[PDB]
There are 2 protein chains.
Amino acid sequence: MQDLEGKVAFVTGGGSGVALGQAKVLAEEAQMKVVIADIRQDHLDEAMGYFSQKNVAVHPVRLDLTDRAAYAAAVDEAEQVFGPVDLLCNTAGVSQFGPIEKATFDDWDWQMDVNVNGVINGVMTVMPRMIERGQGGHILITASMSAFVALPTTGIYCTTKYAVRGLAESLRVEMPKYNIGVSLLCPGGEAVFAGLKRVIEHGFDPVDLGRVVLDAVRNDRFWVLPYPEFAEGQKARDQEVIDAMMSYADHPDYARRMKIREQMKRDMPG
Amino acid sequence: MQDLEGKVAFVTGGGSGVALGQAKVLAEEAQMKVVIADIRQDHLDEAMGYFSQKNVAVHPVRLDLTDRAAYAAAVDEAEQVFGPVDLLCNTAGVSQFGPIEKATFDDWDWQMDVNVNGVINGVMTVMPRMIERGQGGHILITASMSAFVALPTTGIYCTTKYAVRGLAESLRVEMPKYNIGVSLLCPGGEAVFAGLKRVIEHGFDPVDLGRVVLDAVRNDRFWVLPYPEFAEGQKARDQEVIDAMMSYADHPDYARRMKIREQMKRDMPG
């Protein structure tokens with residue numbers, strides 16, 4: 001998405017952490033009009049304490065993303081204060097780790113509701129408005145490297161991040177015909193995976209990651225995975241799947257399905 | 001898992017389709033005691049019409065998998081009728097396709113509840129009982145190739161199948177120390193992906209897929225992806241991710257993180 005100056009961003013979880021980092025970069029460098037949406041009033045107040053000392057247009061709104069009615073009201077508010085949302089940053093998220101066999105249903109529901117339904121709720125509130133307006137837009141989903149790597153004690157968290165990865169890849173298919181860009185950011189934050197993870201954890205800065213995001217939005221990049229470390233590890237995970245698929249090769253049902261297409265490759269136009 | 005004869009299977013959605021195919025193979029060939037759990041009474045009655053003409057031990061229970069209290073009661077019933085569940089087959093699933101921008105919240109909630117919460121509910125009801133009993137077990141999750149491939153109009157469905165894929169890969173990490181095996185089946189059911197898909201769709205038989213499952217359980221295989229076709233297509237999808245990670249290689253932050261580990265590779269034991 002180009003010419004971000006003066007365009008409107010809606011950033012969830014924007015009162016703290018990664019999302020606040022996104023808000024700062026979008027409001028300050030990119031000069032967007034930014035709405036920060038957060039459930040905690042004290043986090044909002046802290047953020048606005050910062051932004052009140054910068055040349056920015058930032059509007060806070062206290063919002064529980066799991067509340068669909070309130071979400072619609074909050075986006076209405078964004079439109080009244082600034083204008084239609086151009087960039088939606090679904091970045092709010094929570095986590096609590098533990099042995100999966102000790103997880104409670106309350107543990108599941110809380111993390112599922114914020115990490116998955118909160119993202120669904122934003123996408124379904126804003127994306128239809130983008131389409132209706134016909135001026136394009138952009139949707140960012142902040143997942144995690146847990147959308148690629150299951151770890152001990154991260155069972156619930158991993159499930160939620162795989163979910164929104166799926167949603168992101170789904171948006172990626174259907175949004176380009178409406179000139180709506182899609183980005184999927186997967187922060188870090190094998191015993192070797194954890195070790196590589198620890199090194200990025202210590203160099204991670206929310207503003208720095210905010211600039212990675214900014215650059216992805218401008219250039220309309222989908223896979224925002226700024227960790228070349230995880231490549232060789234991911235190649236191994238990938239090869240497992242490929243090998244599993246190929247392990248049924250010699251199994252004659254595959255050879256049958258081969259023969260059908262070879263014939264259909266003949267017989268028909270293209 | 002070995003010596004399946006006389007052991008107890010709990011098969012969700014077992015009144016019809018893929019799950020019924022699993023139930024038939026487990027009850028007949030493997031000679032397991034099988035509980036088929038289904039929300040529809042007429043599907044149960046149909047299935048038992050079949051099983052009443054076979055030398056099997058099959059017990060029907062009408063169950064809405066989204067009802068946690070009823071799920072616990074249904075598993076209790078399984079234990080009273082046969083004994084503790086040895087094999088849990090989370091196979092029930094629903095689907096409704098359409099443009100993602102036209103999806104309703106009711107559309108989301110229905111598919112999310114059955115496809116994700118239904119699986120979570122089974123896993124959390126049964127797996128802690130398996131651990132407590134200390135005799136091992138096995139957990140099957142039936143997802144879909146939509147856990148790897150986003151398609152037009154399959155946005156909700158894809159999101160749910162990515163989710164349970166994540167859950168499956170998470171179980172895979174934590175269950176082996178309890179001697180509980182995990183399998184992830186991804187049925188079929190690029191314009192080339194759809195074309196390859198259509199060819200398997202037409203050769204798919206629930207009993208045949210049931211035997212693929214049986215073989216995976218016996219040999220404790222995780223990736224049950226019996227389609228070597230999707231390999232080259234999946235390699236391309238994989239390469240996208242690898243390339244994205246590697247695209248930040250020349251970016252000096254990576255070179256910094258390199259240097260830190262090289263030093264930590266020295267300095268310390270292993």
Side-chain angles (χ1 to χ4, degrees), chain A residues 12-13 19 39 63-71 90-125 141-144 146-148 150-151 153-171 184 186, chain B residues 12 64-69 71 90 92-94 103-128 141 143 146-147 155-171 173-174:
Chain A
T12 72
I39 197 170
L63 169 65
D64 183 351
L65 305 164
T66 70
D67 187 329
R68 286 163 176 170
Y71 209 136
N90 306 279
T91 301
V94 300
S95 61
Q96 198 149 251
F97 306 134
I100 187 56
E101 70 268 15
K102 296 308 182 196
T104 70
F105 281 124
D106 289 349
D107 292 334
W108 273 106
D109 291 341
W110 170 47
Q111 293 184 69
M112 282 285 146
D113 208 11
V114 180
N115 293 2
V116 188
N117 279 329
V119 176
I120 292 167
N121 290 346
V123 164
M124 297 312 305
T125 298
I141 287 168
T142 305
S144 164
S146 289
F148 287 93
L151 256 15
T153 79
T154 70
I156 297 177
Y157 184 74
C158 174
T159 300
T160 69
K161 294 300 178 181
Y162 263 77
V164 294
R165 166 180 170 193
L167 174 58
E169 295 195 60
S170 292
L171 255 13
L184 178 64
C186 295
Chain B
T12 72
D64 183 351
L65 305 164
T66 70
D67 187 329
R68 286 163 176 170
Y71 209 136
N90 306 279
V94 300
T104 70
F105 281 124
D106 289 349
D107 292 334
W108 273 106
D109 291 341
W110 170 47
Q111 293 184 69
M112 282 285 146
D113 208 11
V114 180
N115 293 2
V116 188
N117 279 329
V119 176
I120 292 167
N121 290 346
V123 164
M124 297 312 305
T125 298
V126 171
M127 170 262 297
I141 287 168
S146 289
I156 297 177
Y157 184 74
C158 174
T159 300
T160 69
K161 294 300 178 181
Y162 263 77
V164 294
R165 166 180 170 193
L167 174 58
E169 295 195 60
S170 292
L171 255 13
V173 172
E174 298 188 34

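To find a chain, count down the sequence lines: A is the first, B the second, and so on, and within it residues start at 1. Basis for what follows: all heavy atoms, side chains included, without hydrogens, waters or symmetry-related copies.
Proximity of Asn115(B) to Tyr157(B): side-chain heavy atoms (C-beta onward) are separated by under 4.5 Å at one or more points. In this structure, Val173(B) and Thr154(A) have side chains that are not in contact, with every pair of non-hydrogen atoms separated by 4.5 Å or more. Residues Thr12(A) and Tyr71(A) have side chains in contact (heavy-atom distance under 4.5 Å, counting atoms from C-beta outward). Contact annotation: the side chain of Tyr162(B) approaches that of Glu169(A) to within less than 4.5 Å [non-hydrogen atoms, C-beta and beyond]. Side-chain atoms of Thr66(A) and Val114(A), non-hydrogen and from C-beta on, do get closer than 4.5 Å to each other.
One finds the CZ atom of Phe105(A) at 6.5 Å from the CE atom of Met124(B) (value rounded to the nearest 0.5 Å). Here the OG-CD1 distance, from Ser146(B) to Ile156(B), works out to 12.5 Å after rounding to the nearest 0.5 Å. Atoms CG and CD1, on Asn90(A) and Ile120(A) in that order, are 10.5 Å from each other to the nearest 0.5 Å. The CG atom of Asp64(A) sits 9.5 Å away from atom CG of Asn121(A), with the distance rounded to the nearest 0.5 Å. Rounding to the nearest 0.5 Å places OG of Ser170(B) at 7.0 Å from CD1 of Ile100(A).
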Verdict with supporting geometry, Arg165(A) and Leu184(A), side-chain contact (heavy atoms from CB on, under 4.5 Å): CA-CA 7 Å; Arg165(A) 166 180 170 193; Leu184(A) 178 64; 4.0 Å; yes
Check against side-chain contact (heavy atoms from CB on, under 4.5 Å), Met112(B) and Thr160(B): CA-CA 6 Å; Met112(B) 282 285 146; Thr160(B) 69; 3.4 Å; yes
Could you give me the CA-CA distance, side-chain angles and deciding distance for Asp107(B) and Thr104(B), then say whether side-chain contact (heavy atoms from CB on, under 4.5 Å) is met? CA-CA 5 Å; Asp107(B) 292 334; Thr104(B) 70; 3.1 Å; yes
Is there a side-chain contact (heavy atoms from CB on, under 4.5 Å) between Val116(A) and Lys161(A)? Walk through the geometry before answering. CA-CA 8 Å; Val116(A) 188; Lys161(A) 294 300 178 181; over 6 Å; no
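Residues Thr153(A) and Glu174(B) come closest through the heavy atom pair N-OE2, 2.8 Å. The shortest heavy-atom contact between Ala163(B) and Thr159(A) is O-CG2, 3.4 Å. Between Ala103(A) and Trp108(A), the shortest heavy-atom contact is CB-NE1, 4.0 Å.
Side-chain contact check for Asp113(A) and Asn117(A): at least one donor-acceptor pair (N or O, by modelled atom type) lies under 3.5 Å.
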